[PDB]
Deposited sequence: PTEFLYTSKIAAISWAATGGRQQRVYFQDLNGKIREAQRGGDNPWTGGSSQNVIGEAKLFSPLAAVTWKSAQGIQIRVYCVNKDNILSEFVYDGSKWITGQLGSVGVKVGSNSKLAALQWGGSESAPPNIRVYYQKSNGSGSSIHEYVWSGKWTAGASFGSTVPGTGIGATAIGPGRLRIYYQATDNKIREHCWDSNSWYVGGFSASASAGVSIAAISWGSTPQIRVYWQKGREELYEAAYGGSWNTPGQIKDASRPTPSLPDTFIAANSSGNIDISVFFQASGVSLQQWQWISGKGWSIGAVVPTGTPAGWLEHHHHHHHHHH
């Protein structure tokens, strides 16, 4: 056995250096980090890798950028009073961030997504966090905004209860948000300049899929992932138009995730992609995309070993 909480949410980040970090919850409610550099074995995931804490079964999201102080990471979660909360890696240490002090109440079954653009050693970051206030069918998605200070943003959509949410900045100040609407279709909401509008993407999916989204490049390339636990992973790809969604699967390892589990995706470069899932073990696994090979299940991420094992 491991210390990975069954039906923990997952969050993941990646940057060119390739450095990856993945966040998950342990049996004690702590948020742990595992790390990978290049194709070296994963490190971390132990009781010595706690970065924060949240209510048990808290949703999670994470973003990263490089700053003059080093690598910045923000991990979003919910506390035991269902208040939207944030842990900060400030380039050298983990601390509690300012978002928790705002008093944003989140629906108990809400998921979280986050995106960032612009942050660098010569420009400030722009963060957007997406959440729901209500658990019921037809609830909207709400946005909280950091472009110097936290303030409320938009609300949009009418969703399945506790919908998955994918969020990606496809270009500077250009946002795409993916969620599952009340007809069980994945839908898309878009910001290009001065307004939100309904996007052209849609796809039928199992009720209650976990959703993730990434993007890169100039077209830009967008990939939207969804998975119901113990069903195969799906990907929709945009390269100027949307393709027909396809399964990412391994005939020798059918539907490798456990029921009622979540996914997370990261990307960096042009292009490295990880899509994390939770399997028997309880284990943290991932799909990996490699140029010239395709998709495969990669190395297992360590998530601790309880005493007596």
Which runs of the deposited chain sequence never show up in the coordinates? 18-20, 313-324
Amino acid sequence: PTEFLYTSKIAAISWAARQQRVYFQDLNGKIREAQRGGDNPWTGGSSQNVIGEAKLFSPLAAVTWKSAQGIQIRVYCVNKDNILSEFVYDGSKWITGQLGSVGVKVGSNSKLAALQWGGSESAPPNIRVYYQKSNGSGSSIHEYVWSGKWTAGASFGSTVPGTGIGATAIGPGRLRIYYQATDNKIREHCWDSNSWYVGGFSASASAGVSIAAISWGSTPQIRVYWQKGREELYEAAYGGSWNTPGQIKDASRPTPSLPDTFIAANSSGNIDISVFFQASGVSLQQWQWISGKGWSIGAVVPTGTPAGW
From here on, numbers count along this sequence of modelled residues.
Per the entry, where is the mean C-alpha temperature factor higher: 39-47 or 255-263? 39-47
According to the deposited model, is the average Cα temperature factor higher in 280-288 or in 245-253? 245-253
Looking at 67, 58, 64, 274, which has the highest CA B-factor as recorded? 67
Between 85, 72, 126, 182, let me know which has the highest C-alpha B-factor in the entry? 182
Once the chain's modelled residues are ordered by C-alpha B factor and cut into thirds, is residue 4 in the lowest, middle or highest one? middle
Should residue 15 be placed in the lowest, middle or highest third of its chain by the C-alpha B factor in the entry? middle
By the record's CA B-factor, is residue 96 among the lowest, middle or highest third of residues in the chain? middle
By the recorded C-alpha temperature factor, relative to the other modelled residues in its chain, which third is residue 140 in? middle
Lowest, middle or highest third: which one holds residue 207 when the chain's residues are ordered by CA B-factor from the entry? highest
